[PDB]
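Shown here is one chain on its own, the form deposited in one PDB entry, set out as structure tokens.
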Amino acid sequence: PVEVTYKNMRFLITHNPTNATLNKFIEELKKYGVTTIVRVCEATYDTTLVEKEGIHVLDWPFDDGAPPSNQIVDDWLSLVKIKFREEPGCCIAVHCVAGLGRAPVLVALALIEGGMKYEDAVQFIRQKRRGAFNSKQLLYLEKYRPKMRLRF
């Protein structure tokens, strides 16, 4: 689990848990203060127990190698804006299905919104997770046009 913080934002890029290791998963998330989990890949576990513990789970899958749709980006930035404002010091977790995968992508988008160029966001994440992004992802982050509407 890699943790990245920038302005009033703090993210936890985690691994996909299993219905079996769900209790320990929830236990850790709670300690990190995560209030929301965004699943950007296959949904592999039941979220009733997670939701019961006060952790809302959002399923926003986006085709691998494929860039997240504009709507996902807008929904993500909207989530970042409200959560870190209404719940000061909280954390948003994001995960894919087998290893970091494309989970780091949305985090990078949040950092770019925070004022970083995509290269900076990539380095900032890699400093925490050496193998963070793959070639295809770097190429589309290079073409990403930020809205730059978040205020800090």
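Just count from 1 along the sequence shown to find any residue number.
Form solved in complex with a partner chain: not shown, discussed below.
Colleague: Is it the case that residue 45, even though its partner is missing from this view, gets within 4.5 Å of the partner chain in the deposited complex, heavy atoms only?
Modeller: Heavy-atom contact with the partner chain at 4.5 Å: present for residue 45.
Colleague: So, in the deposited complex, is residue 58 in contact with the partner chain at a 4.5 angstroms heavy atom limit?
Modeller: Yes, residue 58 lies within 4.5 Å of the partner chain in the deposited complex.
Colleague: Check residue 39 for me: does it contact the partner chain in the deposited complex (non-hydrogen atoms, 4.5 angstroms)?
Modeller: Yes.
Colleague: Would residue 64 show up as a contact with the partner chain in the deposited complex if we use heavy atoms at 4.5 Å?
Modeller: Contact check for residue 64: no, nothing within 4.5 Å of the partner chain in the deposited complex.
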